[PDB]
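Below: the structure, in C-alpha coordinates.
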Amino acid sequence: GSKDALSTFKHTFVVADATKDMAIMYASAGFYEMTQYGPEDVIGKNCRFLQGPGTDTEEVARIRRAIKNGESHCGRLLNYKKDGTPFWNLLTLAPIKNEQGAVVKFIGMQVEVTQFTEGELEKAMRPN
Ligand SMILES: Cc1cc2nc3c(=O)[nH]c(=O)nc-3n(C[C@H](O)[C@H](O)[C@H](O)COP(=O)(O)O)c2cc1C
(Lines give C-alpha, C1' and ligand atoms only; values in the text may rest on other atoms or scores of the structure.)
Protein backbone atom coordinates (compact mmCIF):
# COMPACT_ATOMS: atom_id res chain seq x y z
CA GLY A 1 0.00 0.00 0.00
CA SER A 2 1.43 3.33 -1.24
CA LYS A 3 0.91 6.07 -3.84
CA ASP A 4 -1.77 6.96 -1.26
CA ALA A 5 -2.16 9.33 1.75
CA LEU A 6 1.11 9.26 3.75
CA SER A 7 1.77 10.60 7.28
CA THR A 8 4.37 9.77 10.02
CA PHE A 9 1.74 8.65 12.59
CA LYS A 10 1.14 5.50 10.47
CA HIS A 11 4.18 4.99 8.18
CA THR A 12 7.96 4.25 7.87
CA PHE A 13 9.80 6.45 5.49
CA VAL A 14 12.67 8.82 5.02
CA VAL A 15 13.21 11.73 2.69
CA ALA A 16 16.53 12.41 0.99
CA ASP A 17 17.67 15.75 -0.39
CA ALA A 18 19.04 15.35 -3.91
CA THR A 19 20.73 18.77 -3.68
CA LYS A 20 22.77 17.54 -0.66
CA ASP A 21 24.06 14.22 -2.00
CA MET A 22 20.89 12.34 -0.96
CA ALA A 23 21.47 13.05 2.73
CA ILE A 24 18.37 12.25 4.79
CA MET A 25 16.47 15.40 5.58
CA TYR A 26 13.51 13.77 7.38
CA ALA A 27 12.60 10.40 8.92
CA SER A 28 9.22 9.20 10.16
CA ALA A 29 8.69 8.02 13.74
CA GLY A 30 8.39 4.44 12.42
CA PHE A 31 11.87 4.59 10.94
CA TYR A 32 13.45 5.36 14.33
CA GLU A 33 11.40 2.64 16.00
CA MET A 34 12.25 0.04 13.31
CA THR A 35 15.99 0.75 13.14
CA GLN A 36 16.46 1.69 16.82
CA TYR A 37 18.56 4.68 15.72
CA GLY A 38 17.71 8.20 16.79
CA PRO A 39 17.80 11.45 14.79
CA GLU A 40 21.44 12.11 15.74
CA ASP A 41 22.43 9.04 13.70
CA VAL A 42 20.07 9.67 10.75
CA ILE A 43 19.43 13.27 9.83
CA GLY A 44 22.16 14.49 7.51
CA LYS A 45 23.40 10.91 6.87
CA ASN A 46 22.99 8.45 4.01
CA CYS A 47 20.82 5.40 4.77
CA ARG A 48 23.54 3.07 3.52
CA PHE A 49 24.74 2.98 7.15
CA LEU A 50 21.99 0.36 7.76
CA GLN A 51 23.83 -2.11 5.49
CA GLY A 52 26.31 -4.61 6.76
CA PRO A 53 27.63 -8.16 6.46
CA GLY A 54 25.98 -10.12 3.70
CA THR A 55 23.98 -7.19 2.29
CA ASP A 56 23.66 -8.10 -1.40
CA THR A 57 26.06 -5.95 -3.49
CA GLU A 58 23.99 -6.43 -6.68
CA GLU A 59 20.76 -5.26 -5.02
CA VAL A 60 22.67 -2.23 -3.66
CA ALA A 61 23.93 -1.55 -7.25
CA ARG A 62 20.33 -1.72 -8.57
CA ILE A 63 19.30 0.87 -5.95
CA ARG A 64 22.23 3.12 -6.82
CA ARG A 65 21.34 2.97 -10.53
CA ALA A 66 17.62 3.61 -9.94
CA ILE A 67 18.42 6.69 -7.87
CA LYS A 68 20.92 8.01 -10.44
CA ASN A 69 18.31 7.48 -13.20
CA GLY A 70 15.50 9.08 -11.18
CA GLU A 71 13.38 5.91 -11.27
CA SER A 72 11.06 4.29 -8.76
CA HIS A 73 12.38 1.00 -7.42
CA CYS A 74 11.89 -1.59 -4.79
CA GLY A 75 14.01 -4.43 -3.56
CA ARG A 76 14.61 -6.45 -0.39
CA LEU A 77 17.94 -5.65 1.29
CA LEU A 78 19.53 -6.89 4.51
CA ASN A 79 19.89 -4.14 7.04
CA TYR A 80 21.03 -3.95 10.70
CA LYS A 81 19.41 -2.23 13.63
CA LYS A 82 21.53 -0.23 16.08
CA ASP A 83 21.91 -3.29 18.36
CA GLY A 84 23.35 -5.26 15.39
CA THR A 85 20.17 -7.34 14.76
CA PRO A 86 19.83 -8.08 10.99
CA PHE A 87 16.44 -7.61 9.36
CA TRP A 88 15.09 -7.74 5.85
CA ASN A 89 14.06 -4.34 4.63
CA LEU A 90 11.62 -4.12 1.72
CA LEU A 91 12.71 -0.72 0.44
CA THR A 92 10.54 1.21 -2.04
CA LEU A 93 12.02 4.37 -3.57
CA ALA A 94 10.25 7.15 -5.48
CA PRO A 95 11.70 10.39 -6.93
CA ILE A 96 10.22 13.80 -6.22
CA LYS A 97 10.61 16.21 -9.15
CA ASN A 98 10.10 19.98 -9.37
CA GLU A 99 7.97 21.46 -12.21
CA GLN A 100 11.01 21.51 -14.55
CA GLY A 101 11.28 17.71 -14.03
CA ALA A 102 14.58 17.74 -12.11
CA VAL A 103 14.87 15.25 -9.21
CA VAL A 104 15.04 17.30 -6.06
CA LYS A 105 14.26 14.63 -3.40
CA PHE A 106 13.68 10.93 -2.97
CA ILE A 107 11.28 9.22 -0.65
CA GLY A 108 12.12 5.79 0.69
CA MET A 109 9.51 3.58 2.37
CA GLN A 110 10.81 0.66 4.41
CA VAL A 111 8.96 -2.43 5.55
CA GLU A 112 10.58 -4.79 8.03
CA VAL A 113 9.78 -8.29 6.77
CA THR A 114 7.93 -10.46 9.27
CA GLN A 115 6.43 -13.91 8.71
CA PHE A 116 2.90 -13.73 7.23
CA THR A 117 0.80 -16.41 8.98
CA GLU A 118 -2.14 -18.53 7.83
CA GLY A 119 -4.11 -16.66 10.53
CA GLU A 120 -3.30 -13.20 9.10
CA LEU A 121 -4.23 -14.42 5.59
CA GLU A 122 -7.59 -15.72 6.87
CA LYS A 123 -8.19 -12.24 8.36
CA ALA A 124 -7.24 -10.54 5.05
CA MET A 125 -9.44 -12.87 2.92
CA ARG A 126 -12.31 -13.23 5.43
CA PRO A 127 -15.54 -12.38 3.49
CA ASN A 128 -17.59 -9.11 3.60
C1 LIG B 1 15.16 8.00 0.20
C2 LIG B 1 16.15 6.87 0.30
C3 LIG B 1 15.97 5.91 1.28
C4 LIG B 1 16.89 4.84 1.46
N5 LIG B 1 16.65 3.94 2.48
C6 LIG B 1 17.56 2.93 2.60
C7 LIG B 1 17.36 1.94 3.59
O8 LIG B 1 16.39 1.91 4.36
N9 LIG B 1 18.31 0.95 3.70
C10 LIG B 1 19.42 0.88 2.87
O11 LIG B 1 20.24 -0.07 3.03
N12 LIG B 1 19.61 1.77 1.87
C13 LIG B 1 18.71 2.76 1.75
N14 LIG B 1 18.88 3.65 0.72
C15 LIG B 1 19.98 3.44 -0.24
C16 LIG B 1 21.30 4.08 0.09
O17 LIG B 1 21.09 5.40 0.58
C18 LIG B 1 22.14 4.11 -1.20
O19 LIG B 1 21.45 4.86 -2.20
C20 LIG B 1 22.50 2.70 -1.71
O21 LIG B 1 23.25 2.01 -0.70
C22 LIG B 1 23.26 2.67 -3.01
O23 LIG B 1 24.33 3.67 -3.08
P24 LIG B 1 25.83 3.23 -2.66
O25 LIG B 1 26.25 2.14 -3.58
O26 LIG B 1 26.51 4.53 -2.85
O27 LIG B 1 25.74 2.81 -1.23
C28 LIG B 1 17.99 4.73 0.57
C29 LIG B 1 18.16 5.69 -0.41
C30 LIG B 1 17.27 6.75 -0.56
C31 LIG B 1 17.53 7.75 -1.66
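Just so you know, residue 1 is the first one in the sequence shown, and it goes up from there. What you see below is based on every heavy atom in this structure, not just the backbone, and it leaves out hydrogens, waters and symmetry mates. All ligand and atom numbering here is 1-based and tracks the order in the structure.
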Nitrogen or oxygen contacts under 3.5 Å, ligand 1 side and protein side:
from, atom 1, to, atom 2, distance (Å)
ligand 1, 5 (N), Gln110, NE2, 3.3
ligand 1, 8 (O), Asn89, ND2, 3.0
ligand 1, 8 (O), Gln110, NE2, 3.0
ligand 1, 9 (N), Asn79, ND2, 2.9
ligand 1, 11 (O), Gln51, NE2, 2.9
ligand 1, 11 (O), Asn79, OD1, 2.9
ligand 1, 12 (N), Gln51, NE2, 3.4
ligand 1, 17 (O), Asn46, OD1, 2.7
ligand 1, 21 (O), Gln51, NE2, 2.8
ligand 1, 25 (O), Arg64, NE, 3.4
ligand 1, 25 (O), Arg64, NH2, 2.8
ligand 1, 26 (O), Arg48, NH2, 2.9
ligand 1, 27 (O), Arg48, NE, 2.9

Quiz item: Is there side-chain contact between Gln51 and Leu78, with heavy atoms separated by less than 4.5 Å?
Solution: no
side-chain contact (heavy atoms from CB on, under 4.5 Å) test vs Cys47 passes for just one of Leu91, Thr35, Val14, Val42, namely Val14
(Q) Any carboxylate oxygen within less than 4.0 angstrom of a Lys/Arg side-chain nitrogen, looking at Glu40 and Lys45? (A) no
For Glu71, the salt bridge (charged side-chain N to carboxylate O under 4.0 Å, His left out) test, sequence neighbours excluded, returns none
For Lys20, the salt bridge (charged side-chain N to carboxylate O under 4.0 Å, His left out) test, sequence neighbours excluded, returns none
Taken in chain and number order and not counting sequence neighbours, the residues that satisfy side-chain contact (heavy atoms from CB on, under 4.5 Å) with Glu59 are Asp56, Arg62, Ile63, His73, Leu77
